[PDB]
Amino acid sequence: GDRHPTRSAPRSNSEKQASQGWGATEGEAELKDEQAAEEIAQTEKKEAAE
Amino acid sequence: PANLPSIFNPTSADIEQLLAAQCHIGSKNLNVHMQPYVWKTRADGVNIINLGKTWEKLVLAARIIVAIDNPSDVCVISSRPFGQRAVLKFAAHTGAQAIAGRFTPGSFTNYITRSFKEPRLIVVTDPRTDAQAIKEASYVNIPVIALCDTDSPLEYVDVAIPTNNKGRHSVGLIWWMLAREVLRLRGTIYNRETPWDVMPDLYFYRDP
Amino acid sequence: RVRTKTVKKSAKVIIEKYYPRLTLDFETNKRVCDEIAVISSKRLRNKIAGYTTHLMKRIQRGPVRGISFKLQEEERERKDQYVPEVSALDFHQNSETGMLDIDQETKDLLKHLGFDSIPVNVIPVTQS
Amino acid sequence: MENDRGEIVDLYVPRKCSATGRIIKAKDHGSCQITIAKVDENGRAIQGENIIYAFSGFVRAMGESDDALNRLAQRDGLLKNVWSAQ
Amino acid sequence: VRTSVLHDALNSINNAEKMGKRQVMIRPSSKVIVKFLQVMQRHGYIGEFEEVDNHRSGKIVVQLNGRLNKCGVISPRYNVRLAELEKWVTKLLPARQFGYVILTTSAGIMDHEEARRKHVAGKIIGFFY
Amino acid sequence: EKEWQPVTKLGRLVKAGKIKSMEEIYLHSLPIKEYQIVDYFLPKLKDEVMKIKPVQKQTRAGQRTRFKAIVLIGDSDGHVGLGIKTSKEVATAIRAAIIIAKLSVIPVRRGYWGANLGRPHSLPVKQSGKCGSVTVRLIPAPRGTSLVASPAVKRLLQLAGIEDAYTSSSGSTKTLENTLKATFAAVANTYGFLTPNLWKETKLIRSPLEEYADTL
Amino acid sequence: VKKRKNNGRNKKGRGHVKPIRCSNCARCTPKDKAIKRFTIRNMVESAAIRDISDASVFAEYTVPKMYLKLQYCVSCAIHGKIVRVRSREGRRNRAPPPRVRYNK
RNA sequence: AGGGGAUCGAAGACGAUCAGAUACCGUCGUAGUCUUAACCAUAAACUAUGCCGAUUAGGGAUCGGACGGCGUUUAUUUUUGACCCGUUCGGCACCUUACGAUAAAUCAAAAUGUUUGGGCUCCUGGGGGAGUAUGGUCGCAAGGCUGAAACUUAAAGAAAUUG
Ligand SMILES: [Zn+2]
């Protein structure tokens, strides 16, 4: 059966570290992420606008 | 009296028409809240409404109707077919917005539905079959007037007119008299003694 | 072999908004759409015209639930004033041999009101 | 009606039901007002003077406003032989 | 079996106020209830009360004027000192500026704010606000 | 951003300015449905978001997450409201939630503990509210005493404008939404308690809607 | 959690009732917790009657139909499809299934 | 311990199914299933809802008693019996609704409780160890009543929602 009895070596499948790798799954961080997105968006636009 | 003069009386002529339309025969099952508007229960059968009581409550209901500045803030409701043509002619003789047929729940609560009106008063033909209309009236601080027989829920109903409420002739005749009385208080009929120039049978239903 | 909402809603708006300008004829209908609409395909354009000709064919004999237009309200309003001269509901004792039938229980109510002067027939109520 | 030195510091003095006397809360959708017009000797309605009644959602929900309306109107002399305390 | 007629009467009154009626019947009559009604009557929390009569316990009928809230009773007759009254008024009263605890003293069945003036004490019977 | 188009009669009338202040709207118990009325007759409103809840909802395709935001507003001088809304992004949720809160705003009565010396500071009476397995009780307090409560329920009281009070809570108080709703209900019912100083009869008047005709 | 307000037996006001034997498996069940079916079936089908009728012993007559009463435990009953599972709200409805008198 | 012992039927023997089948399916069959004279005192002994008393919403059915009434029915008849309409007292239950309650399922009580006190008795304090060990007491025995500790653990559990 190809599912339950993994046939490889368990090697650092840490969801906590992945959260850092991908995106933290917390509401509080997302607001900061949106603020950063707003900050980055303007600088790219102005260069194109200029 | 201290507020009503003596000219507001049943008058013999009106009495024959109202009781000819079979308005004193309705609802074998007696609701407990409509017992005051009962004269005597017939021997081994139906109940009997108090036709005298109708007249005073009818005038009282009329006083409510002629109080709004613009007559456009009065909605008259009916769903069953027997009281649809009569409602439409009421809206024509006076000023009022009418609703016949389906109600489209959300009319009084949703502000993006196309059939959206914000009236200040509601008149209903039957509370049992128009419960949906009353249910929404409970959300926007609007009184309710309705024609009721002796078996009918009376939650959120402020003024109750006792009638047959399910007859062919009865519902039409009552609407006619109410419309006539409103025009009397207004400057239309110009006098309580002169008769009006439309006959009651216009407020009926045609089969095809 | 059945139409969809796109054609039907397009058919619905055109008839409701330009009722006089078109008629039962299928080619005259075919042309008017291409002037008053903005379609990008000949087959869709043809289909909309076809339904309106079917739609107008049935309106001519009785009004339909879906349609509502300015002309309809007043033209109908004209026809709904029928009045019977006899006035059946009017107290019929003066228009036929017999008078009105009531019951003794009702009779007492008139006495309480005092309108006993009015003459009407009274019939007692049997057990069944 | 609080008074530190005779003035009113309360934001607003609410209404009371005419049939039970309970205060009419804010956001109490369900309460309504009834206005009865005043007629003259020959039947016209005089414009601009009017009597007001108030009912609360509490009494409204049971379905007893009708009997309350008879009592209040019969007291103020607007009806005859319509209400009775048996 | 019936063990506190005073509680029975007060319970009937409370029901009407929360349901909104204007009338209550009270089956057993006694001095304590009748005097208890008077203490409210002198403050307007109630209306006119009628006492019927028969050679029996005797019914009472009062009609409710509204403007009345919870009126309870403490079943075990406690002993109150003249100093331990601020504790009881802090215990069961919506606010300080109004409301009344009712006592029984040798000077008659009475309430506080005058027991303080008369410098008396006794036992607790009830309260109303 | 620019001129708003009133969709309701209550909205068109206020824009004209015929009605003096909000209090009368409260007096007549009228439903508000446009958040432009509220911020016109109550500027200087501050808001705070307590927390956003991540919910790993549903399966079969993974879980499609939604986010629920809780916000409350007030002016620290007698007006406070609270609303909750959920959506697919925190930014969308917060903006929509603030609108709901503005609709909910209500007034709060304030009284004196002992003797009255101007500027009421605490509750007139003590009152409680319940919103499911949690009850909150507020009782008056003398001057000088600060607000004694947990951080969550405490924060609301400044926005309502209360200076002195004791608090008490029972049940499972870890459900932040249920706790906040109970406090809101409790503070709301203060105008429903018929104190001795309101027995005096008041006169009934016609509502603003009926006094004058509107504008097309 | 209670699934039925009557516990599925319909007995309130007594200790117990004497049980009975299921007419299919011979299990024992209380007389009130049993599905009962009354049946009035003919001796034979109509097709047989015509052959029976032609060789009539006396004049023209019909052989009398039989009457039966069957009692089932609940587990066997819903395996033979006498009754079947209903919906959460359809459960609390005790009216007999309506029989069409015209069958389309 | 006697009497009685038709029918079913623990234990048990055979026949099948099954890889095995000390069972589910079949044929027999002992104690027992019945009764007389004495023991045992436990059951999902369930409405999983202690007893007495007061107040609170509408309805139609149903059992027993009493009362009032126009009729019908067949009686050595008439009163009475029996059928119909209504009122009332006391029970086994049900339908709609929530002004009320609860976490919810639901409830005319599981209501009248943060605005907390009508009167009285019994029982429980996270899950296991454990209804175990020891002591006492009742019983011919099986057992009943009363009833711990050492030690171990971060969850066990209730109601409802989506798959
Ligand atoms: Zn079976």
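Residue labels used throughout are counted from 1 along each chain in written sequence order rather than taken from the entry, whose numbering may differ, and residues without coordinates are not included. Each chain takes a letter, starting from A, and each ligand takes a number, starting from 1, following the order in which they are written. Any value mentioned applies to the visible chains, which represent part of a larger assembly rather than the whole. Heavy atoms from the whole structure form the basis of all side-chain values; hydrogens and water molecules are not counted.

Method of determination for the deposited model, per the PDB record: cryo-EM, at 3.0 Å resolution.

Let us look at a positive patch on the surface. The patches reported here contain residues having more than 30% relative accessible area and no salt bridge. Joining distances are 9 Å for like charges and 5 Å for nonpolar side chains (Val, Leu, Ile, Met, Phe, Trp, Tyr). For every accessible area listed, the method is Shrake-Rupley and the probe measures 1.4 Å; residues are considered covered only by the protein chains on display. Basic side-chain nitrogens of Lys or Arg form a salt bridge, by our definition, when they fall within 4 Å of a carboxyl oxygen of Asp or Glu. Charge counting treats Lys and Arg as positive and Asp and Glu as negative, with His and both chain ends excluded. Where a charge sits is defined by one atom per residue type, namely NZ (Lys), CZ (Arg), CG (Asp) or CD (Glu). On the surface, B:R114, C:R1, C:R3, C:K5, C:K8, C:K9, C:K12, C:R43 and C:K47 cluster together to form a positively charged patch. Numbered from the N terminus, helices here are DSSP runs of H or I no shorter than four residues, and strands are runs of E no shorter than two. Only α1 (5–17) and α3 (42–59) of chain C provide two or more residues apiece to the positive patch. For the positive patch, the element with the highest residue contribution is α1(C), accounting for four residues. With respect to the helices and strands, C:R3 occurs in the segment before α1. Judged by its relative accessible area of 41%, C:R3 is partly exposed. A 1.4 Å probe rolled over the protein chains alone gives each residue an accessible area, and that area as a share of the maximum for its type sets the label: buried under 20%, exposed over 50%, partly exposed in between.

Attention shifts here to the interface of chain D and chain B. On the side of chain B, 37 residues touch chain D, which itself brings 36 residues to the contact. Buried area: the accessible area, evaluated with a 1.4 Å probe, that two parts lose upon being put together, summed over both parts. Summing both sides of the interface, chain D and chain B together bury roughly 3,000 Å²; the carbon and sulfur share of this comes to 52%. When the area that chain D buries against chain B is broken down by residue, the three leading residues are D:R44, D:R60 and D:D66, summing to 19%. Viewed at the interface, chain B and chain D are joined by one salt bridge. One salt bridge connects D:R60 with B:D158, and the closest N-O pair in it is separated by 2.8 Å. Between N or O atoms, a polar contact is any pair within 3.5 Å; within protein, one atom must be a potential hydrogen donor and the other a potential acceptor, and residues adjacent in sequence are included only when both atoms are from side chains. Across the contact surface, chain D and chain B share 13 residue pairs in polar contact. Sorting the residues of the side of chain D that touches chain B by element identifies β1 (32–39), α1 (57–62) and α2 (65–75) of chain D as the ones contributing at least two each. Counting residues per element, the side of chain D that touches chain B draws most heavily on β1(D), at eight residues. We call two residues contacting when some pair of their heavy atoms lies within 4.5 Å.

This part is about the protein's contact with RNA strand H. In these notes, residues near a molecule or strand are those with any non-hydrogen atom within 4 Å of it. Taken together, the neighbourhood of RNA strand H is formed by 32 residues, with E:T3, E:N15, E:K70, E:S75 and F:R137 sitting nearest. When the atoms of RNA strand H within 4 Å of the protein are sorted by group, sugar and phosphate make up 83%. F:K130 places a polar side-chain atom, nitrogen or oxygen, 3.5 Å from a phosphate oxygen of RNA strand H. For the surface near RNA strand H, the secondary-structure elements that each account for two or more residues are α1 (5–19) of chain E together with β5 (127–130) and β6 (134–139) of chain F. Just so you know the grouping, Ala, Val, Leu, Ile, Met, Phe, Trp, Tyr, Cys and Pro go in nonpolar, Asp, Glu, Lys and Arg go in charged, and all remaining residues, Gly too, go in polar. Grouping the amino acids of the surface near RNA strand H by side-chain chemistry returns eight nonpolar, eleven polar and 13 charged.

We now examine the coordination of the zinc ion. Taken together, G:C22 (SG), G:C25 (SG), G:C73 (SG) and G:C76 (SG) make up the protein donors of the zinc ion, found 2.3 to 2.4 Å from the metal. Note that water is not among the atoms considered, so a metal site may appear incomplete; the donors listed are N, O and S atoms within 2.8 Å of the metal, with 3.2 Å applied to Na, K and Ca. Sites are called tetrahedral only when four donors show all angles between 85 and 135 degrees, square planar or octahedral only when four or six donors show opposite pairs over 155 degrees and all other angles between 65 and 115, and irregular in any remaining case. One can describe the donor arrangement at the zinc ion as irregular, given that its four donor atoms subtend angles of 91 to 168 degrees at the metal.

As a further point, take the nonpolar core. Ranked by size, the top nonpolar core spans 60 residues in total, and within it B:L18, B:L173, B:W175 and B:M177 carry the most contacts. When residues of this core are assigned to their parent elements, the largest contribution, ten residues, is made by helix α5 (residues 170–185) of chain B. Listed in part, the 39 residues of the second largest apolar core include E:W88, E:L93, E:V101 and F:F193. In this text, buried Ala, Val, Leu, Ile, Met, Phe, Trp, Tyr and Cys residues form a nonpolar core when linked through side-chain atoms within 4.5 Å.

Moving on, we get to the UniProt feature "domain: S5 DRBM" (unreviewed entry) in chain F. UniProt positions are given in the numbering used here, feature names are shortened, and annotations may be inferred rather than shown by experiment. In the UniProt entry, the feature "domain: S5 DRBM" (unreviewed entry) is given for residues 45–108 of chain F. Along residues 45–108 of chain F, the helical share is 23% and the strand share 47%, with 16 Å between the first and last C-alpha atoms.

Residues and elements named next belong to chain F. Between any two strands, pairing holds if DSSP finds at least two bridges. The four strands are arranged β1-β2-β3-β4 in an open sheet whose pairing can be described as antiparallel. Both outer strands of the open sheet, β1 (46–55) and β4 (106–107), are each paired with one neighbouring strand and no more. With respect to the sheet, helix α5 (residues 151–160) is in contact with β1, β2 (66–74) and β3 (79–87), its orientation differing from that of β3 by roughly 130 degrees. To get an axis, a line is fitted to the C-alpha atoms, and for a helix only the part in contact is used. The angle between two axes follows their N-to-C directions and goes from 0 to 180 degrees. Packed on one face of the sheet, helix α6 (residues 176–188) meets β1, β2, β3 and β4 and runs near 150 degrees to β3.

The next thing to look at is α1(C). Residues and elements named next belong to chain C. When the terminal C-alpha atoms of α1 are compared, their 18 Å separation across 13 residues agrees well with the 18 Å that a helix rising 1.5 Å per residue should span. Of all the residues in α1, the buried ones are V7, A11, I14 and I15. Down the axis, α1 shows its buried residues gathered within 95 degrees of arc, on one side only. When the buried face of α1 is taken as reference, the exposed residues oriented beyond 90 degrees from it are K5, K9 and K17. At its buried positions, α1 is contacted by α2 (26–36) and α3. Here the expected length of a helix is defined as 1.5 Å per residue gap, with one fewer gap than residues. Throughout, the arc means the angular range of directions from the helix axis out to the C-beta atoms.

Moving on: the sheet that holds strand β1 (residues 23–26) of chain E. Strand pairs in the sheet, formed through backbone hydrogen bonds, run parallel or antiparallel to each other. All names here are of chain E. One open sheet accounts for three strands, arranged β1-β3-β2; its pairing is antiparallel. Unpaired on one side and paired on the other, β1 and β2 (49–51) mark the two borders of the sheet. Strand-to-strand twist across the sheet, computed as the mean angle between neighbouring axes with direction ignored, equals 15 degrees. Its contacts with the sheet put helix α2 (residues 31–41) on β1, β2 and β3 (60–63), and the angle it makes with β2 is roughly 160 degrees.

A few words now on a negative patch on the surface. Where like charges cluster on the molecular surface, the negative patch consists of A:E26, A:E28, A:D33, A:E34 and F:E89. With respect to the helices, strands and loops of the structure, A:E26 is situated in the loop between α1 (15–21) and α2 (27–49).

A full pass over the atoms with the stated rule returns 22 salt bridges over all chains. The shortest N-O distance in the salt bridge between B:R120 and B:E118 comes to 3.9 Å. Classification of B:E118 as partly exposed rests on a relative accessible area of 34%. The residue D:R5 makes a salt bridge to D:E7 at a minimum N-O spacing of 3.8 Å.

This part covers the arrangement of the chains. If you rank the seven pairs of chains in contact by how many contacts each has, first place goes to chains B and D. What separates chain B from chain E at the closest point of their C-alpha atoms is a distance of 15 Å, and the two make no contact. There is a gap between chain C and chain E: no contact, and a shortest C-alpha distance of 32 Å.

Right, let's talk about the packing of α1(C) against α3(C) for a bit. All names here are of chain C. It is the contact of α1 with α3, at a shortest axis distance of 9 Å, that shows an interaxial angle of 60 degrees. Here α3 runs oblique to α1, going by the angle between their axes. Read as a crossing pair, α1 and α3 show a hand that is right-handed. Of the residues in α3, those touching α1 at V7, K8, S10, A11 and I15 are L44, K47, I48, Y51, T52, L55 and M56. Residue classes in the contact of α1 with α3 are distributed as eight nonpolar, two polar and two charged. In this scheme, roughly parallel covers angles under 35 degrees and roughly antiparallel covers those over 145, while 65 to 115 is roughly perpendicular and the rest are oblique. Each crossing gets its hand from how the near helix is turned against the far one by less than a right angle, where anticlockwise is left-handed and clockwise is right-handed.

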